[PDB]
>>> print(open('upload-v1.txt').read())   # compact mmCIF, N, CA and C atoms
# COMPACT_ATOMS: atom_id res chain seq x y z
N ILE A 10 -20.67 -56.89 -12.29
CA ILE A 10 -19.77 -55.77 -12.71
C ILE A 10 -19.55 -54.75 -11.61
N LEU A 11 -20.65 -54.22 -11.11
CA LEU A 11 -20.64 -53.21 -10.07
C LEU A 11 -20.16 -53.87 -8.78
N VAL A 12 -19.25 -53.20 -8.08
CA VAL A 12 -18.79 -53.73 -6.80
C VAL A 12 -19.82 -53.29 -5.75
N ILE A 13 -20.40 -54.21 -5.06
CA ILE A 13 -21.32 -54.02 -3.97
C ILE A 13 -20.59 -53.70 -2.66
N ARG A 14 -19.46 -54.34 -2.42
CA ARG A 14 -18.78 -54.11 -1.16
C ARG A 14 -17.51 -54.87 -1.15
N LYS A 15 -16.55 -54.35 -0.39
CA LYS A 15 -15.26 -55.00 -0.16
C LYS A 15 -15.10 -54.82 1.34
N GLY A 16 -14.73 -55.89 2.03
CA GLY A 16 -14.57 -55.83 3.47
C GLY A 16 -14.04 -57.16 3.99
N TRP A 17 -13.35 -57.16 5.11
CA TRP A 17 -12.73 -58.37 5.67
C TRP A 17 -13.78 -59.20 6.42
N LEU A 18 -13.63 -60.52 6.38
CA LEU A 18 -14.50 -61.43 7.13
C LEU A 18 -13.58 -62.59 7.53
N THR A 19 -13.87 -63.31 8.61
CA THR A 19 -13.00 -64.42 9.01
C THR A 19 -13.63 -65.71 8.54
N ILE A 20 -12.92 -66.57 7.85
CA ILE A 20 -13.47 -67.87 7.56
C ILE A 20 -13.07 -68.65 8.78
N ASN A 21 -14.00 -68.96 9.63
CA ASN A 21 -13.89 -69.65 10.87
C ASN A 21 -13.69 -71.15 10.76
N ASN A 22 -14.28 -71.78 9.74
CA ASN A 22 -14.11 -73.21 9.60
C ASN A 22 -13.22 -73.72 8.47
N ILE A 23 -12.07 -73.06 8.30
CA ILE A 23 -11.10 -73.51 7.31
C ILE A 23 -10.32 -74.65 8.00
N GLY A 24 -10.14 -75.75 7.26
CA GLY A 24 -9.52 -76.93 7.78
C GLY A 24 -8.13 -76.77 8.43
N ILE A 25 -7.69 -77.92 8.97
CA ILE A 25 -6.31 -78.04 9.48
C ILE A 25 -5.35 -77.89 8.35
N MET A 26 -5.62 -78.46 7.20
CA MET A 26 -4.92 -78.47 5.98
C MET A 26 -4.93 -77.19 5.17
N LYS A 27 -5.14 -76.02 5.70
CA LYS A 27 -5.23 -74.75 5.06
C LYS A 27 -4.96 -73.62 6.04
N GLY A 28 -4.18 -73.93 7.09
CA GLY A 28 -3.79 -72.93 8.06
C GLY A 28 -4.75 -72.80 9.23
N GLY A 29 -6.03 -73.07 9.07
CA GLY A 29 -7.00 -72.92 10.11
C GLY A 29 -7.75 -71.63 9.84
N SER A 30 -8.40 -71.09 10.87
CA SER A 30 -9.15 -69.86 10.69
C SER A 30 -8.25 -68.70 10.33
N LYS A 31 -8.40 -68.16 9.13
CA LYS A 31 -7.63 -67.01 8.71
C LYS A 31 -8.59 -65.94 8.22
N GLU A 32 -8.14 -64.71 8.10
CA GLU A 32 -8.99 -63.64 7.63
C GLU A 32 -8.71 -63.51 6.16
N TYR A 33 -9.76 -63.31 5.37
CA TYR A 33 -9.65 -63.18 3.93
C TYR A 33 -10.43 -61.95 3.51
N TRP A 34 -10.02 -61.38 2.37
CA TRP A 34 -10.60 -60.15 1.83
C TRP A 34 -11.64 -60.49 0.79
N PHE A 35 -12.89 -60.19 1.07
CA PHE A 35 -14.02 -60.47 0.19
C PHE A 35 -14.45 -59.34 -0.73
N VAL A 36 -14.79 -59.75 -1.95
CA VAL A 36 -15.23 -58.85 -2.99
C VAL A 36 -16.50 -59.47 -3.55
N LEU A 37 -17.61 -58.78 -3.39
CA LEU A 37 -18.87 -59.26 -3.90
C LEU A 37 -19.37 -58.37 -5.03
N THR A 38 -19.91 -58.93 -6.08
CA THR A 38 -20.45 -58.28 -7.24
C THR A 38 -21.81 -58.95 -7.46
N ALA A 39 -22.51 -58.62 -8.54
CA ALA A 39 -23.78 -59.27 -8.85
C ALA A 39 -23.59 -60.68 -9.42
N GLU A 40 -22.40 -61.05 -9.87
CA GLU A 40 -22.08 -62.36 -10.45
C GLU A 40 -21.22 -63.34 -9.64
N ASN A 41 -20.26 -62.82 -8.87
CA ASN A 41 -19.39 -63.68 -8.06
C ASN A 41 -19.07 -63.12 -6.67
N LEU A 42 -18.58 -63.95 -5.79
CA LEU A 42 -18.07 -63.62 -4.48
C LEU A 42 -16.72 -64.32 -4.52
N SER A 43 -15.64 -63.56 -4.51
CA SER A 43 -14.29 -64.07 -4.58
C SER A 43 -13.61 -63.74 -3.26
N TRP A 44 -12.66 -64.56 -2.83
CA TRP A 44 -11.92 -64.24 -1.59
C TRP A 44 -10.44 -64.42 -1.85
N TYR A 45 -9.65 -63.49 -1.40
CA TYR A 45 -8.23 -63.38 -1.55
C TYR A 45 -7.54 -63.47 -0.20
N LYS A 46 -6.21 -63.55 -0.21
CA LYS A 46 -5.47 -63.61 1.05
C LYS A 46 -5.48 -62.22 1.69
N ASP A 47 -5.46 -61.17 0.87
CA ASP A 47 -5.49 -59.79 1.33
C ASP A 47 -5.97 -58.84 0.26
N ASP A 48 -6.00 -57.55 0.58
CA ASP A 48 -6.45 -56.48 -0.30
C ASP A 48 -5.59 -56.08 -1.47
N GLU A 49 -4.47 -56.71 -1.69
CA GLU A 49 -3.60 -56.44 -2.78
C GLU A 49 -4.01 -57.18 -3.99
N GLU A 50 -4.83 -58.20 -3.81
CA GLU A 50 -5.30 -59.06 -4.85
C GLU A 50 -4.27 -59.76 -5.72
N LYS A 51 -3.21 -60.24 -5.07
CA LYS A 51 -2.13 -60.91 -5.77
C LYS A 51 -2.34 -62.39 -5.84
N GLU A 52 -3.14 -62.97 -4.97
CA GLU A 52 -3.44 -64.28 -4.59
C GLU A 52 -4.43 -65.12 -5.23
N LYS A 53 -5.72 -65.07 -5.08
CA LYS A 53 -6.83 -65.76 -5.42
C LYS A 53 -7.05 -67.09 -4.76
N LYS A 54 -7.72 -67.19 -3.62
CA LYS A 54 -8.06 -68.41 -2.96
C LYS A 54 -9.08 -69.18 -3.77
N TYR A 55 -9.97 -68.48 -4.45
CA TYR A 55 -10.92 -68.99 -5.35
C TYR A 55 -12.02 -68.08 -5.75
N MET A 56 -12.76 -68.28 -6.81
CA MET A 56 -13.90 -67.51 -7.17
C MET A 56 -14.98 -68.56 -7.41
N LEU A 57 -15.96 -68.53 -6.51
CA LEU A 57 -17.17 -69.29 -6.42
C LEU A 57 -18.37 -68.53 -7.02
N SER A 58 -19.21 -69.21 -7.76
CA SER A 58 -20.38 -68.58 -8.36
C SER A 58 -21.35 -68.35 -7.21
N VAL A 59 -22.11 -67.27 -7.31
CA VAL A 59 -23.12 -66.86 -6.41
C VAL A 59 -24.38 -67.68 -6.65
N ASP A 60 -24.53 -68.25 -7.85
CA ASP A 60 -25.59 -69.19 -8.13
C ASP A 60 -25.69 -70.46 -7.27
N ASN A 61 -26.85 -70.58 -6.66
CA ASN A 61 -27.14 -71.53 -5.65
C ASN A 61 -26.58 -71.27 -4.28
N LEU A 62 -26.04 -70.12 -4.01
CA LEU A 62 -25.69 -69.72 -2.69
C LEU A 62 -26.89 -69.17 -1.94
N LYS A 63 -27.04 -69.58 -0.69
CA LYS A 63 -28.12 -69.13 0.16
C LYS A 63 -27.40 -68.87 1.50
N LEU A 64 -28.09 -68.31 2.46
CA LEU A 64 -27.48 -67.97 3.72
C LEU A 64 -28.29 -68.39 4.94
N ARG A 65 -27.64 -69.02 5.91
CA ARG A 65 -28.35 -69.50 7.09
C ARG A 65 -27.68 -69.09 8.37
N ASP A 66 -28.50 -68.90 9.38
CA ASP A 66 -28.03 -68.66 10.74
C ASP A 66 -27.56 -69.96 11.31
N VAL A 67 -26.24 -70.21 11.36
CA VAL A 67 -25.80 -71.52 11.76
C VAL A 67 -25.84 -71.78 13.26
N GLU A 68 -26.83 -72.52 13.69
CA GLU A 68 -27.33 -72.89 14.95
C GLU A 68 -26.45 -72.63 16.13
N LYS A 69 -26.43 -71.51 16.75
CA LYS A 69 -25.62 -71.01 17.81
C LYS A 69 -24.16 -70.99 17.51
N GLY A 70 -23.46 -72.01 17.37
CA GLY A 70 -22.20 -72.28 16.86
C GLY A 70 -21.20 -72.71 17.91
N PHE A 71 -19.95 -72.32 17.72
CA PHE A 71 -18.87 -72.60 18.66
C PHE A 71 -19.17 -71.85 19.94
N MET A 72 -18.38 -72.10 20.98
CA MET A 72 -18.56 -71.41 22.25
C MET A 72 -17.65 -70.20 22.19
N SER A 73 -17.98 -69.19 21.40
CA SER A 73 -17.20 -67.97 21.26
C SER A 73 -18.08 -66.71 21.31
N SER A 74 -17.50 -65.59 20.90
CA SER A 74 -18.20 -64.31 20.82
C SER A 74 -18.60 -64.01 19.37
N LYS A 75 -18.26 -64.94 18.49
CA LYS A 75 -18.55 -64.81 17.09
C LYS A 75 -20.04 -64.96 16.80
N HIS A 76 -20.50 -64.21 15.82
CA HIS A 76 -21.87 -64.25 15.34
C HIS A 76 -21.69 -64.90 13.99
N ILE A 77 -22.35 -66.05 13.83
CA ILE A 77 -22.21 -66.86 12.65
C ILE A 77 -23.36 -66.87 11.65
N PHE A 78 -22.96 -67.00 10.39
CA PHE A 78 -23.82 -67.11 9.23
C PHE A 78 -23.02 -67.95 8.25
N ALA A 79 -23.53 -68.45 7.19
CA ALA A 79 -22.81 -69.28 6.30
C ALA A 79 -23.42 -69.25 4.93
N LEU A 80 -22.60 -69.50 3.93
CA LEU A 80 -23.02 -69.66 2.55
C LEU A 80 -23.00 -71.14 2.24
N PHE A 81 -24.03 -71.66 1.59
CA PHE A 81 -24.07 -73.11 1.33
C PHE A 81 -24.69 -73.39 -0.03
N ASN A 82 -24.13 -74.39 -0.71
CA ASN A 82 -24.66 -74.80 -2.01
C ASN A 82 -25.92 -75.60 -1.74
N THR A 83 -27.07 -75.07 -2.17
CA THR A 83 -28.36 -75.69 -1.92
C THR A 83 -28.52 -77.04 -2.61
N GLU A 84 -27.88 -77.27 -3.73
CA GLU A 84 -28.00 -78.47 -4.54
C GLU A 84 -26.88 -79.51 -4.42
N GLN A 85 -26.04 -79.38 -3.40
CA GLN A 85 -25.03 -80.41 -3.17
C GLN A 85 -24.40 -80.40 -1.78
N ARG A 86 -23.66 -81.46 -1.50
CA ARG A 86 -23.05 -81.71 -0.20
C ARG A 86 -22.02 -80.66 0.24
N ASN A 87 -20.96 -80.50 -0.54
CA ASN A 87 -19.90 -79.51 -0.28
C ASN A 87 -20.22 -78.17 -0.95
N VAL A 88 -19.73 -77.07 -0.39
CA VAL A 88 -20.02 -75.76 -0.99
C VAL A 88 -18.88 -75.39 -1.92
N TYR A 89 -17.69 -75.82 -1.54
CA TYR A 89 -16.50 -75.60 -2.34
C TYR A 89 -15.48 -76.55 -1.72
N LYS A 90 -14.66 -77.18 -2.57
CA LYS A 90 -13.66 -78.14 -2.12
C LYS A 90 -14.39 -79.18 -1.28
N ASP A 91 -13.85 -79.50 -0.12
CA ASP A 91 -14.42 -80.52 0.74
C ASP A 91 -14.88 -79.78 1.99
N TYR A 92 -15.89 -78.92 1.84
CA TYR A 92 -16.33 -78.12 2.97
C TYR A 92 -17.69 -78.18 3.61
N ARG A 93 -18.73 -78.59 2.91
CA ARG A 93 -20.10 -78.64 3.44
C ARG A 93 -20.74 -77.29 3.48
N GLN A 94 -20.31 -76.27 4.08
CA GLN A 94 -20.66 -74.95 4.24
C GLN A 94 -19.42 -74.09 4.50
N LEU A 95 -19.44 -72.85 4.08
CA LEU A 95 -18.42 -71.84 4.28
C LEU A 95 -18.96 -70.96 5.41
N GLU A 96 -18.38 -71.03 6.59
CA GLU A 96 -18.75 -70.26 7.75
C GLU A 96 -18.09 -68.91 7.77
N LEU A 97 -18.82 -67.85 7.92
CA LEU A 97 -18.43 -66.47 7.98
C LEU A 97 -18.82 -65.93 9.35
N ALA A 98 -17.97 -65.15 9.96
CA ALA A 98 -18.10 -64.63 11.29
C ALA A 98 -17.68 -63.18 11.38
N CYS A 99 -18.26 -62.47 12.35
CA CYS A 99 -17.98 -61.07 12.63
C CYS A 99 -17.82 -60.94 14.13
N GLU A 100 -17.02 -59.97 14.57
CA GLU A 100 -16.88 -59.73 15.99
C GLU A 100 -18.08 -59.04 16.59
N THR A 101 -18.88 -58.35 15.79
CA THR A 101 -20.08 -57.69 16.25
C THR A 101 -21.29 -58.08 15.42
N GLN A 102 -22.47 -57.97 16.03
CA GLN A 102 -23.72 -58.26 15.37
C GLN A 102 -24.06 -57.30 14.24
N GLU A 103 -23.62 -56.05 14.35
CA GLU A 103 -23.90 -55.08 13.30
C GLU A 103 -23.10 -55.38 12.06
N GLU A 104 -21.91 -55.94 12.21
CA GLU A 104 -21.07 -56.31 11.09
C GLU A 104 -21.78 -57.40 10.27
N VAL A 105 -22.40 -58.36 10.97
CA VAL A 105 -23.07 -59.49 10.34
C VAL A 105 -24.26 -58.92 9.58
N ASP A 106 -24.99 -57.99 10.17
CA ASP A 106 -26.18 -57.40 9.58
C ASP A 106 -25.95 -56.59 8.31
N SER A 107 -24.86 -55.82 8.24
CA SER A 107 -24.59 -55.00 7.07
C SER A 107 -24.20 -55.91 5.91
N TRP A 108 -23.43 -56.96 6.20
CA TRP A 108 -23.03 -57.92 5.18
C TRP A 108 -24.19 -58.73 4.62
N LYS A 109 -25.23 -58.95 5.40
CA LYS A 109 -26.41 -59.67 4.95
C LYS A 109 -27.12 -58.88 3.87
N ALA A 110 -27.16 -57.56 3.98
CA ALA A 110 -27.79 -56.70 2.99
C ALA A 110 -27.03 -56.67 1.68
N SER A 111 -25.72 -56.85 1.75
CA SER A 111 -24.87 -56.86 0.58
C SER A 111 -25.04 -58.14 -0.20
N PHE A 112 -25.17 -59.27 0.49
CA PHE A 112 -25.48 -60.54 -0.13
C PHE A 112 -26.84 -60.52 -0.77
N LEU A 113 -27.82 -59.83 -0.19
CA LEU A 113 -29.18 -59.73 -0.71
C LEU A 113 -29.18 -59.20 -2.11
N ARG A 114 -28.41 -58.14 -2.33
CA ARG A 114 -28.22 -57.44 -3.57
C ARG A 114 -27.64 -58.31 -4.66
N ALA A 115 -26.78 -59.25 -4.33
CA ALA A 115 -26.08 -60.14 -5.21
C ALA A 115 -26.92 -61.39 -5.43
N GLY A 116 -28.01 -61.53 -4.71
CA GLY A 116 -28.94 -62.62 -4.97
C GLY A 116 -28.86 -63.78 -4.00
N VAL A 117 -28.04 -63.75 -3.00
CA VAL A 117 -27.98 -64.67 -1.90
C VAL A 117 -28.94 -64.16 -0.84
N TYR A 118 -30.08 -64.83 -0.75
CA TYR A 118 -31.14 -64.49 0.21
C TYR A 118 -31.10 -65.38 1.42
N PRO A 119 -31.69 -64.95 2.54
CA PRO A 119 -31.66 -65.74 3.77
C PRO A 119 -32.61 -66.94 3.79
N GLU A 120 -32.76 -67.52 4.97
CA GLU A 120 -33.56 -68.71 5.23
C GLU A 120 -32.87 -70.04 4.92
N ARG A 121 -33.58 -71.13 5.19
CA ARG A 121 -33.07 -72.50 5.05
C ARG A 121 -31.92 -72.67 6.04
N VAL A 122 -32.22 -72.28 7.28
CA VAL A 122 -31.31 -72.34 8.42
C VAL A 122 -31.39 -73.70 9.13
>>> encode(input="upload-v1.txt", output="structure tokens")
Amino acid sequence: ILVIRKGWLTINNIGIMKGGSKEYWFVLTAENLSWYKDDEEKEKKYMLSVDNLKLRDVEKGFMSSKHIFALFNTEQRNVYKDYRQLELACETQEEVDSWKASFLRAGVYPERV
């Protein structure tokens, strides 16, 4: 119910078949993490349950300046659609760190990297 945070994040590993890496507007609550095309909320890319979401430091990553972390379904292959893991990136390390605390509150805890 309570909104924990609203803020932009880049989904770095969105397929060829979905435009590629685009920025999406995230809304996290104690029950769901939903992502939209933008802050107007006219869209809905999807609403994924926070249940069974965990967070891992995804092993160095691409050869970029991005700091990577990811949400992954602990009990199955894909996290949503045909994805394996949903990669989230920030231009700065502090951005990644503040968002980790917001996920903590919603019940997505770290480890299993």
>>> closest_residue(input="upload-v1.txt", among="A:10, A:105, A:36, A:80", to="residue 63 of chain A", atoms="only C-alpha atoms")
A:80
>>> residues_near_point(input="upload-v1.txt", point="(-28.4, -62.0, -9.1)", cutoff="12 Å", atoms="only C-alpha atoms", output="VMD selection string")
chain A and resid 10 to 11 13 37 to 42 58 to 63 111 to 118
>>> closest_residue(input="upload-v1.txt", among="A:31, A:54, A:87, A:75", to="residue 104 of chain A", atoms="only C-alpha atoms")
A:75
>>> atom_distance(input="upload-v1.txt", atom1="atom N of residue 102 of chain A", atom2="atom N of residue 71 of chain A")
14.7 Å
>>> residues_around(input="upload-v1.txt", residues="residue 67 of chain A", least_positions_apart="3", cutoff="6.5 Å", atoms="only N, CA and C atoms", output="list in words")
residues 70, 77, 78, 79 and 122 of chain A
